[PDB]
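Trainee: Before anything else, here's the structure in question.
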Amino acid sequence: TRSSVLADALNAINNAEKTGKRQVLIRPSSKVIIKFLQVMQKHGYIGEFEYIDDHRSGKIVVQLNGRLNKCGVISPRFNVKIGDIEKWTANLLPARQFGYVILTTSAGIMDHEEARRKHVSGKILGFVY
Amino acid sequence: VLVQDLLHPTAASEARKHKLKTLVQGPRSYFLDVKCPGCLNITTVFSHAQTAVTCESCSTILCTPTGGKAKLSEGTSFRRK
Amino acid sequence: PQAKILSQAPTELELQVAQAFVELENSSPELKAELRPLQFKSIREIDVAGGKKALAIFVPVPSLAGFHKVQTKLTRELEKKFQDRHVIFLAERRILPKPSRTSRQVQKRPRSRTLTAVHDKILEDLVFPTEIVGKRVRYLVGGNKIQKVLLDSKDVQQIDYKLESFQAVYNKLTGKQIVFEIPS
Amino acid sequence: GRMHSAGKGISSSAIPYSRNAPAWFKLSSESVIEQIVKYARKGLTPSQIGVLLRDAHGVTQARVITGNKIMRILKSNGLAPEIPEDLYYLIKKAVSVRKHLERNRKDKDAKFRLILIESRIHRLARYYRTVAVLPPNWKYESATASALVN
Amino acid sequence: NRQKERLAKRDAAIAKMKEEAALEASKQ
Amino acid sequence: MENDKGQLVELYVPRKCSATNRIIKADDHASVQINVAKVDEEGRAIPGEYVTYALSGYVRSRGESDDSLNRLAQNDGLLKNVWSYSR
RNA sequence: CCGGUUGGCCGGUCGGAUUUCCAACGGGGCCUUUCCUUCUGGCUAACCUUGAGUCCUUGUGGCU
RNA sequence: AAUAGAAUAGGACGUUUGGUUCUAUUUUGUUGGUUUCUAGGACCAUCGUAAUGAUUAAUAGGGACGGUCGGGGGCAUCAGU
Ligand SMILES: [Mg+2]
Ligand SMILES: [Mg+2]
Ligand SMILES: [Mg+2]
Ligand SMILES: [Zn+2]
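Respectively, the protein sequence lines represent chains W, b, H, N, K and V. Adding 1 to a residue's 1-based position in the first sequence gives its number in the entry's author numbering. Adding 1 to a residue's 1-based position in the second sequence gives its number in the entry's author numbering. Adding 3 to a residue's 1-based position in the third sequence gives its number in the entry's author numbering. Adding 1 to a residue's 1-based position in the fourth sequence gives its number in the entry's author numbering. Adding 119 to a residue's 1-based position in the fifth sequence gives its number in the entry's author numbering. Residue numbers are given in the entry's author numbering: position 74 of the sixth sequence equals residue 74, and the series is strictly consecutive.
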């Protein structure tokens with residue numbers, strides 16, 4: 002069955018960028034997909050995204066510009082320490098200048114830089130660069 | 002096909018596709034208000050009525066279930082909704 | 004009978020609306036026949052950017068089905084006795100708070116009372132008699148949510164002078180900006 | 002999907018967007034629930050109340066013009082069956098194919114389909130026992146299934 | 120359920136008021 | 001990039017494709033530089049100044065270089081009713 | 001609304017010192033329909049009832 | 001990310017009202033046996049008001065219904081050189 006919904010969303014985004022289009026049809030929604038795309042939007046990695054209601058569970062349109070070479074999901078949501086942030090920041094990012102790890106923390110969902118300077122941690126979702 | 006509106010499709014091509022593959026899922030059915038001339042009364046019948054719906058006074062089969070759409074009786078008028 | 008139709012909240016604005024009610028049933032025998040058990044809770048005003056104001060009628064919830072056969076004539080008669088105003092009917096529905104980790108003995112909170120459900124109940128009660136055929140949430144690049152709400156083409160003439168009024172009262176009653184659009 | 006098979010078909014009811022009652026509908030809620038109860042005294046299962054309600058009376062769905070589903074206003078009158086509809090139909094189908102295979106003892110395909118139907122009865126019995134709209138001491142046996150059908 | 124009976128009594132009172140004023144509506 | 005002192009430490013900042021905003025790198029020999037001269041009011045072209053497009057070889061190997069370039073010309077005010085924003 | 005801890009624009013000053021000005025960055029407690037609810041006994045502070053004093057503009061001004 | 005919380009109401013908050021039960025902190029000069037209030041539990045009714053109280057119906061899945069479809073199966077029968 003459809004196990005994760007964020008995984009199929011981000012896989013659809015990555016496939017539609019690797020074929021070079023400018024728009025997707027993400028289906029279905031969640032809190033997690035909406036807040037994940039808001040985290041991409043606050044860094045300006047995607048443009049407009051748009052949420053369509055249908056009373057079942059909504060389909061999302063994301064108008065992606067060109068700026069995302071790869072986002073992804075880490076599907077076993079591992080528990081990460083404060084000191085374990087450097088390991089995921091070294092393993093999945095390109096280098097130490099850019100590149101983000103997205104966590105669910107009890108203060109909310111935030112990137113790895115915001116989880117460093119929040120001084121909290123949580124469970125890992127994925128990564129946007 | 003690098004760019005096209007998935008938010009506002011053209012409505013000629015929008016109801017052209019499948020029932021479940023639209024942007025919001027809509028039925029492609031309707032309701033039929035049928036007038037057999039023998040008793041002159043309004044009966045609201047589904048367009049895909051899958052049973053032998055008779056009239057409430059005369060024993061006239063208004064529609065028979067034939068697969069997709071229910072075929073109406075001959076010499077009998079109908080209206081939308 | 005302006006001291007009979009209120010619900011224990013005496014102000015000047017509710018008594019002038021109440022006496023306006025009192026002379027509006029008197030010219031009609033059947034609005035007398037329906038209007039007598041029909042009460043309302045309270046009234047407040049809100050201003051719009053169009054230079055005028057809007058009058059919001061709050062409605063106790065089981066009386067809404069009673070209002071839903073009288074609302075058109077009552078709204079048009081109240082607007083042509085009250086100029087420089089906008090008459091909007093909304094239903095006072097109590098929100099229950101989300102229980103926290105330490106929330107004690109509160110019962111299983113009904114989703115008819117929950118926040119997003121009562122917010123879009125205020126949305127479809129805002130724009131009667133037309134009905135909403137699709138919502139669409141516009142996520143701005145700077146992280147701002149704008150709601151786009153669609154309508155039907157059957158009765159556009161009663162609402163088309165009140166769209167900005169509905170946007171103003173909705174952005175004051177839920178804090179969320181909204182835009183309206185008719186389909187082509 | 003489509004378990005106990007290999008098909009991948011999608012063929013289902015769509016639902017319209019409108020959560021309110023349709024404009025062309027003119028009948029009241031008390032009238033349609035007394036229509037539901039007079040169809041209920043004829044002993045039909047709730048799918049047929051819904052189908053004959055859709056066809057001859059033009060009611061869109063049960064959930065919109067009254068606030069309830071079909072057995073909410075059927076156990077409000079207390080005419081709900083003691084076992085649910087689909088599980089009862091699976092018992093009826095199982096005893097029909099058991100009648101066929103006691104007629105013919107060389108039909109292997111009917112035997113394997115009996116195994117599939119029995120698996121579906123076990124899974125639905127697990128689910129309906131879990132919610133406890135079925136008593137927890139209920140177990141399937143084929144002779145008691147024939148007793149409950151007959 | 121005393122509250123359900125109270126709501127039914129309120130609905131019966133509203134219907135009784137409507138049926139009482141229906142004669143005055145049909146008189147005019 | 002940039003160092004600390006305030007001086008650019010780069011070889012060249014590469015040409016971005018005008019369709020998909022991707023990098024035209026040095027060995028991308030299928031890349032196209034498109035030159036369009038704008039017009040004078042009496043139907044002449046001033047030969048010095050232009051409007052300008054760049055298409056990567058990724059887009060051109062597909063074949064939507066026409067459709068993306070029609071979009072580029074129509075949103076640059078040069079065209080009307082050729083590329084359609086819906087379909 | 002509160003005050004934090006960096007960065008500057010000041011240098012007050014015999015290398016650091018703290019307001020004003022600026023972004024920022026988090027933290028907290030309130031108002032928006034809406035957070036921990038109480039019962040009874042002990043302890044401060046505040047609005048009164050009742051008349052008294054110590055200061056200053058003839059004071060239900062401030063302190064008891 | 002789970003779990004539970006008002007559906008045969010055997011539901012919730014009351015400074016509503018009936019009884020049934022113990023408790024005894026104190027007093028009646030001190031202690032003991034008493035017995036009558038008063039406070040506090042617990043259990044029955046019956047009396048107030050709460051918008052009385054049930055999440056969408058997944059291009060997840062089961063299950064009816066409809067007209068079909070197939071050298072799918074079993075039993076019987078028939079045909080051909
Ligand atoms: Mg399987
Ligand atoms: Mg499928
Ligand atoms: Mg479904
Ligand atoms: Zn007839």
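Think of the CB as a built atom: it goes at the ideal place given N, C-alpha and C, for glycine as much as any other residue.
Step through the CB atoms of chain b and report whether any lies within less than 7 Å of the CB of W:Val-121.
Mentor: Closer than 7 Å: no.
Trainee: Give me the pocket residues for ligand 2, defined as CB within less than 6 Å of any heavy atom, sorted by chain position.
Mentor: Those residues whose C-beta sits under 6 Å from the nearest heavy atom of ligand 2 are, from N- to C-terminal order along the chain, N:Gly-2, N:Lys-9, N:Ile-11.
Trainee: Counting only beta-carbon atoms, is H:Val-121 nearer than 7 Å to chain N?
Mentor: no
Trainee: Closer than 6 Å: is that where the CB of b:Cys-64 sits relative to any heavy atom of ligand 4?
Mentor: no
Trainee: Around ligand 6, what residues have a beta-carbon under 5 Å from a heavy atom of it, in chain order?
Mentor: Within the structure as shown, ligand 6 is missing, the only ligands being ligand 1, ligand 2, ligand 3 and ligand 4.
Trainee: Classify V:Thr-20: buried if its beta carbon has 16 or more other beta carbons within 10 angstroms, exposed otherwise.
Mentor: buried
Trainee: Mapping DSSP to helix, strand and coil, what is H:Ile-8?
Mentor: coil
Trainee: When you compare the CB of W:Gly-73 with every CB in chain V, is at least one pair closer than 7 Å?
Mentor: With 7 Å as the cut-off, W:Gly-73 does not count as an interface residue toward chain V.
Trainee: I'd like to know if the stretch 50 to 63 of chain W and the stretch 129 to 142 of chain H are in contact, where contact means that at least 3 CB-CB pairs between them fall below 8 Å.
Mentor: yes
Trainee: Roughly how far, in whole angstroms, is the beta-carbon of N:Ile-92 from the beta-carbon of N:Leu-149, given that I think they are within contact range, below 8 Å?
Mentor: 6 Å
Trainee: For V:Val-59, return the contacting residues in chain W, with the cut-off set at a CB-CB distance below 8 Å.
Mentor: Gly-21
Trainee: With W:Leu-7 as the anchor, note down where its alpha helix (DSSP H) starts and where it stops.
Mentor: 6 to 19
Trainee: Return the chain-ordered ranges of every beta strand (DSSP E) run that is complete within the stretch 85 to 126 of chain W and spans a minimum of 3 residues.
Mentor: 101 to 106, 109 to 112
Trainee: Could you give the residue range of the beta strand (DSSP E) that holds H:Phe-131?
Mentor: H:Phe-131 -> no beta strand (DSSP E), and no H or E assigned at all.
Trainee: Closest Cβ-Cβ distance between H:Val-136 and chain N: below 7 Å?
Mentor: yes
Trainee: State yes or no: is the C-beta of N:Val-96 within less than 7 Å of the C-beta of N:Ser-147?
Mentor: Between N:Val-96 and N:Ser-147, the CB-CB gap stays under 7 Å.
Trainee: Three Cβ pairs or more, each shorter than 8 Å: is that satisfied between the stretch 19 to 36 of chain N and the stretch 48 to 64 of chain N?
Mentor: yes
Trainee: Do the stretch 97 to 116 of chain H and the stretch 161 to 179 of chain H make contact, defined as three or more Cβ pairs closer than 8 Å?
Mentor: For the pair of segments examined, the stretch 97 to 116 of chain H was found not to touch the stretch 161 to 179 of chain H: the number of CB pairs separated by less than 8 Å stays below three.
Trainee: Around the C-beta of residue 132 of chain W, are 16 or more other C-beta atoms found within 10 angstroms, so that it is buried, or is it exposed?
Mentor: A query on residue 132 of chain W cannot be resolved here, the shown segment of chain W reaching from 2 to 130 and no further.
Trainee: Which chain H residues are close to K:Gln-122, counting only those with a beta carbon under 8 Å from its beta carbon?
Mentor: By Cβ distance, chain H contributes nothing, its closest Cβ being about 12 Å from K:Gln-122, past 8 Å.
Trainee: Could you work out which residues of chain b lie near N:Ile-50, taking near to mean beta carbons separated by less than 9 Å?
Mentor: Listed by position along chain b, the residues whose Cβ is nearer than 9 Å to that of N:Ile-50 form an empty set, because the closest Cβ is around 12 Å away.
Trainee: List the residues of chain H whose Cβ lies closer than 7 Å to the Cβ of N:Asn-21, in chain order.
Mentor: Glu-134
Trainee: Are the beta-carbon atoms belonging to H:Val-90 and H:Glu-37 less than 7 Å from one another?
Mentor: no
Trainee: Measuring only the C-alpha atoms, how far is N:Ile-16 from b:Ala-53?
Mentor: Taking the straight line from one Cα to the other gives about 24 Å.
Trainee: Less than 7 Å between the beta carbons of H:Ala-59 and H:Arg-47, yes or no?
Mentor: yes
Trainee: Can at least three beta-carbon pairs, one atom from the stretch 176 to 186 of chain H and one from the stretch 78 to 90 of chain W, be found at a separation below 8 Å?
Mentor: no
Trainee: Tell me the residue span of the beta strand (DSSP E) that contains b:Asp-34.
Mentor: 32 to 36
Trainee: Tell me whether H:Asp-163 sits in a helix, a strand or coil according to DSSP, three-state version.
Mentor: coil
Trainee: Quick check on this structure: which residue in H:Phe-131, H:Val-172, H:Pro-186 has the alpha carbon closest to the alpha carbon of H:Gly-53?
Mentor: H:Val-172
Trainee: For V:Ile-34, I'd like the list of residues in its chain whose CB is within less than 6 Å of its CB, leaving aside the five on either flank, ordered along the chain.
Mentor: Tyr-53
Trainee: Less than 7 Å separating the beta-carbons of V:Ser-68 and V:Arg-22?
Mentor: Against a cut-off of 7 Å, the Cβ pair of V:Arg-22 and V:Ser-68 comes out as no contact.
Trainee: Using 8 Å as the threshold, is the stretch 94 to 102 of chain H in touch with the stretch 7 to 18 of chain V, meaning 3 or more CB pairs across them?
Mentor: no
Trainee: Would you mind stating whether W:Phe-128 and W:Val-102 have Cβ atoms separated by less than 7 Å?
Mentor: yes
Trainee: What residue range is occupied by the uninterrupted alpha helix (DSSP H) comprising V:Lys-38?
Mentor: Here V:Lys-38 belongs to no alpha helix (DSSP H); instead the beta strand (DSSP E) covers 32 to 39.
Trainee: May I have the straight-line CA-CA distance separating V:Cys-17 from V:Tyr-85, to the nearest angstrom?
Mentor: 20 Å
Trainee: Is b:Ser-14 buried or exposed, if buried means 16 or more other CB atoms sit within 10 Å of its CB?
Mentor: By the 10 Å Cβ count, b:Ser-14 comes out exposed.
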